[PDB]
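Have a look at the structure below before the remarks.
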Amino acid sequence: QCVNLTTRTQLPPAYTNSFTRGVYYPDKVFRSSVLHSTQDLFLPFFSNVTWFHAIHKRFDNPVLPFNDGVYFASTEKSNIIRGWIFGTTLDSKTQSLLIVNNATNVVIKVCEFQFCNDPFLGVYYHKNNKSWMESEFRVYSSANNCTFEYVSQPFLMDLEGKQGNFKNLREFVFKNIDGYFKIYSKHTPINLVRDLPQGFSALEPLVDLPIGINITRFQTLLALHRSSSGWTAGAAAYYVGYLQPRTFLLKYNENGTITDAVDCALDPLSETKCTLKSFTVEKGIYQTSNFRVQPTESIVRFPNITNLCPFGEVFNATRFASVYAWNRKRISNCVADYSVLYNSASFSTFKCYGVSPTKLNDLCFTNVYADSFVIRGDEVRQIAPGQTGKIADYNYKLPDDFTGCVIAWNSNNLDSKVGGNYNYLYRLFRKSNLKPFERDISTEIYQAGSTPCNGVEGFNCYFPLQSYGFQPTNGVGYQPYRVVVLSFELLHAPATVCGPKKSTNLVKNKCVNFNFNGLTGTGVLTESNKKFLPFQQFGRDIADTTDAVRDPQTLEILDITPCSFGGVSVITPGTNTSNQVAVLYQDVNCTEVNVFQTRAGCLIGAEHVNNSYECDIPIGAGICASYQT
Amino acid sequence: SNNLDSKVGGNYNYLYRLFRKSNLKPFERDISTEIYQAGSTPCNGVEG
Amino acid sequence: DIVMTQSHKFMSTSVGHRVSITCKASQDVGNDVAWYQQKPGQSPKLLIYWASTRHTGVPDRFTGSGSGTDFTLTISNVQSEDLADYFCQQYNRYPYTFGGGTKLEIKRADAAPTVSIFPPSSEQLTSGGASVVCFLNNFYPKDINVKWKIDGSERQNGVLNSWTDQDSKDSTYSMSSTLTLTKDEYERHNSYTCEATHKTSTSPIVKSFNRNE
Amino acid sequence: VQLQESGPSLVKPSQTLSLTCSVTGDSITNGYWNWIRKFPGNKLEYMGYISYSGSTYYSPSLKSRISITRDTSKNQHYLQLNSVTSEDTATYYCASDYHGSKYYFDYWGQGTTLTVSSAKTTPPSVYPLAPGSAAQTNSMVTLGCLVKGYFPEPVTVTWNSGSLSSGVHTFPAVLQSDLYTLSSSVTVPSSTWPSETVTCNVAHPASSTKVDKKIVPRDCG
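As given, the protein sequences belong to chains K, D, H and E, one line each in that order. Heads up: the first sequence is residues 14 to 69, 77 to 247, 255 to 620, 641 to 676, going by the deposited numbering. To convert, count from 1 in the second sequence and add 437; that's the deposited numbering. Note that the deposited numbering numbers the third sequence so that position 175 is 175, with each residue one more than the last. To convert, count from 1 in the fourth sequence and add 1; that's the deposited numbering.
Okay, structure coming up:
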């Protein structure tokens, strides 16, 4: 339960190469004398795997993931590796798939196991008359809520701790396909010391149990043998690899056994075998794949610098509306400049709820409403959500999910007119609380206490509708203030006002993603000498394809060329002759990808010789390749 | 089974899952009692 | 309603370090970020309004910025008088309630707690009363849990908890918990154990006494 | 701008509550002045708001049991609560919410404590405590005394008339439904007891009752 081992010696993290291993049957379909291809979670060839041992100086049991493919190839000498541990989090919170082996049966239980930091098995009492008997069981602590149990056939496992070179090889592939856990097994005798044989081995399915759990991490159950923290293991080594959904070509004999497999996505010589569907490829040039340049960045040079919003009729208008019967205006399809007001340092209160005004230049919205009225000096704090006053309780209440702006500035020299300004009214009393975006034009007498007013004024009875009034000889709290209340929202319409940083440029000589006014895709811009008309924004060729655009800010004409693409050809020799490669990337130079440029494309792998010979393998433009000394 | 599974005070030993993030696969079961995403809006851990 | 999810509710910094209190809002707030400072034994005070300008009278060591949903208060060179509970206030709707609170603490050395158990005196047993009070003082920090054990069972009803703040002499804490019982409720029990759990070791302090003496 | 809270120490139930918050430096003519109370245990509660018109709205928990008035000539505002009970026992505070000169001003006062309960003036009962002989051995010996059933808070709780300071820890009262309690202790080393005189000194000036329970092995000669 809490027993840990301290007999682990530090080793450098080396790796092991896999030449032609990691091929199993994708299904239960009998195929004979055919060359068919399949695509499933197989091991890619010429890859590097991890380095773990299960011996008496290295004893490792890490926590490795499961979703990135699991390839378990291990050599066994003294029967140390017994089973495997699967599960989501490997604790009591989620389910776990536990496979144990007590040298009599392969016990598979699906319960809520609680594992420790290093599960193992105990083979102890090796002083005298040992006979390799099991002593302890330290896999898990407890289990509850079991759902499945599988008992295999009984057998006799030799628990003798033999040393020396390995004589057995066991390969396993674990995966989960919609809850059905499939286990592949293959056993073949080998003769090596440390590494794995660089040959071929086809794995066969053994069991298929409908577990139905999610597996994200997995471990490996090991044993201990020595002739509670000082015990050592026997002689074993396991290498864990990752599977990738690649294309593999399988060869079937008359008996249906897979004899050879070639990974298609490894080298261009292997791409010819999967295209022609033949393991024996003669001398010639064949199509292998298709080349495509991957873009790096993605800029959107869609909007221009014109079409500014006329904010002079909203902030500096001649007359606003009332605070209880206001008229909401819609302003869209323009560019609202809000940075010249925050940096002016002349506003009394410049705040914006939802999005800060420093972030409004880099934030997109659908539209923006307007709500302009004239308030007093003490009513600046009243136009705010979650507040009170003569406006927030009687005239206009802001909602909790407010995404607009509260803009305030001193307008003592603006609202001062000859004879006074009495064109604005406000409510002073109300019978109940307010609602968000609610108007009120009633003139009913408010009743404060239990005494009725009977429609006339008196004790705690006043008229709700009052008029504004200000004097220049008053204090700060009685000055008129012009305020503009905004309202941002998101609709099904696209964004019309965001603010494109008041400046736009154009990047050329690079295949990247672009989003223009009449073309969206990947391309690389080059210099040109064309002259566009002042109303045109983009140009097309005779093929009705946009290949020339215009900068919306700079008066320059730059044509856009799309990124290079085309088929990939190779020059392949005979199967029993050589395995050299010469990749030919068509419709591209030798810079965007034995270097020689042709009219068909860049050829990498062939040395340019000035001497002329007979054309063996044709390429194009009078250039051919051959195999000479 | 009203006269078979009931008891004094009510039997609260039977539970069921009402909402889930995704639909269940064919022949799939789960005994987890943790809080997951209910519908289009996730709970993000605790219920909220 | 927008609830400010506080990332830290209890921080232990020293004099001269930087205090980082992050209140991640569930929705977009913008200028709807308010910082209050409530000193122990004093009144609260608005410190940072709208995440742009500090209050008049606040020195230049208190500042803050942020946008969207990520807001972090920046307190550089925190002195000894800055030990207070910081709240993140929202202006969504009424009432004007406060959040959880982030209390700062001067980082000192930890100490083992001492739990004392007092049996009832002869004056209460003659009249018919009983009193079992478990004191706990001279410990650090204040995140020390005290569990009641009445004959092996935990009792929470009738327990009067009383916690104290950080002392100004040696930066220690103290707490106490009493239980009002009678003469018939005192002799019916036989086991009574008050323990304390600290972060220095997994072994708690064992303290108990026999009811029958 | 500096505020100041004031009020009585104890308030009898079924009466009219009275509070006074004076605003110095600026007369109350523009802005908003609130009343925020705080329960003992770091829990604040917002009751209601008062507008410039005079009509006030409150929380649904206190519909017609709270009245807020103001006066522009005395530069202060009052708070009145009708039909008080044990739920109104909190630490009240006053604040100022107004704008001006492109700044957000929010000034607070000191604070006042008003304790309302159904219990009348009850004299305290001091019981000195002593550790028994059937306890677990320890290097530290603690002395203490428990006082329960008194009203109101706060009181003067010390040890040896303030001359004792070795391990003296004074705990505040616990908010119950009717009355309050006390808690105090003194931690001394094992070489100090019983060479030093330890006396439980708990005073109650509201009812003119002062009981000093010295630790004496009763009865003596």
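C-beta atoms are modelled at their ideal positions from N, C-alpha and C, and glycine is treated no differently.
- Counted as a single uninterrupted DSSP element, the stretch harbouring K/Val341 is not any beta strand (DSSP E) but the alpha helix (DSSP H) occupying residues 339-342.
- Distances from the CA of H/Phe135 to each of H/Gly128, H/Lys107, H/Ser127, H/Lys147 were compared; the closest alpha carbon is that of H/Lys147.
- If you compare the alpha carbons of K/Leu226, K/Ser605, K/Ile101 with that of K/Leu189, the shortest gap goes to K/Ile101.
- One finds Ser116, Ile117, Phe118, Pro119, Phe209 in chain H with Cβ atoms closer than 9 Å to the Cβ of E/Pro132, taken in chain order.
- In summary, the residues of the stretch 460-478 of chain D whose CB is separated from some CB of chain K by less than 9 Å are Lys462, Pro463, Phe464, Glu465, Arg466, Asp467, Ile468, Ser469, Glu471, in the order they occur in the chain.
- Within the stretch 33-53 of chain E, the residues whose Cβ lies closer than 7 Å to some Cβ of chain K are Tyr33, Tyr50, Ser52, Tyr53, listed in chain order.
- Close partners of H/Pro95 in chain E (Cβ separation under 7 Å): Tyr47, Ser60.
- Between K/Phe429 and K/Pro412, the C-beta spacing is below 8 Å.
- Against chain H, the CB of E/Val175 has a partner CB under 8 Å away; the residue lies at that interface.
- Residue ranges of uninterrupted beta strand (DSSP E) with 3 or more members, entirely inside the stretch 383-408 of chain K and ordered along the chain, are 394-402.
- Counting along the chain, no alpha helix (DSSP H) covers K/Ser50; the unbroken beta strand (DSSP E) around it starts and ends at 48-55.
- The continuous alpha helix (DSSP H) containing K/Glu298 extends over residues 295-303.
- When C-beta distances to chain H are compared with 8 Å, the residues of the stretch 362-380 of chain K below that value are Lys378, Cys379, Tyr380, in chain order.
- A direct Cα-Cα distance of roughly 34 Å separates H/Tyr94 from D/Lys458.
- Taking the Cα positions, K/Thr581 is about 14 Å away from K/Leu560.
- Take the alpha-carbon of H/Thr69 and the one of K/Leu425: they are about 21 Å apart.
- Counting of Cβ neighbours within 10 angstroms places K/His207 among the exposed residues, the total staying below 16.
- Under the Cβ distance rule, K/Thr345 does not count among the residues neighbouring chain D, no pair being separated by less than 8 Å.
- Here the alpha carbons of K/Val42 and K/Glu281 stand approximately 14 Å from one another.
- Exposure of H/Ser65 is indicated by the presence of fewer than 16 other C-beta atoms within 10 angstroms of its C-beta.
- Taking a beta-carbon distance threshold of 8 Å, K/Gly416 counts as an interface residue toward chain E.
- When 8 Å is used as the limit between beta carbons, H/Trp50 is near these residues of chain K: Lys378, in chain order.
- It is roughly 35 Å from the alpha-carbon of H/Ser121 to the alpha-carbon of H/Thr200.
- For K/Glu156, the three-state secondary structure derived from DSSP is strand.
- Under the DSSP assignment, K/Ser31 falls outside any alpha helix (DSSP H), being part of the beta strand (DSSP E) whose first and last residues are 29-31.
- Close partners of E/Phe106 in chain H (Cβ separation under 9 Å): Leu46, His55, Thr56.
- For K/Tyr505, the secondary structure class from DSSP, reduced to helix, strand or coil, is helix.
- The alpha carbon of H/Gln166 has as its nearest neighbour, out of H/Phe139, H/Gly100, H/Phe209, the alpha carbon of H/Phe139.
- Looking at the DSSP output, H/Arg211 shares a beta bridge with no other residue.
- Restricting attention to D/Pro463, D/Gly447, D/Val445, D/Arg454, the CA atom closest to the CA of D/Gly476 is found in D/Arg454.
- Following the DSSP letters along the chain, one finds H/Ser43 in no beta strand (DSSP E), marked with neither H nor E.
- E/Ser140 counts as exposed, since fewer than 16 other beta carbons sit within 10 angstroms of its beta carbon.
- One Cα belongs to H/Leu179, the other to H/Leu160, and the distance between them is close to 7 Å.
- Straight-line spacing of the CA atoms in K/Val395 and H/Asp170 works out to 58 Å.
- Taking the Cα positions, K/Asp389 is about 11 Å away from K/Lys529.
- With respect to chain E, the C-beta atom of H/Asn190 has no partner C-beta closer than 8 Å.
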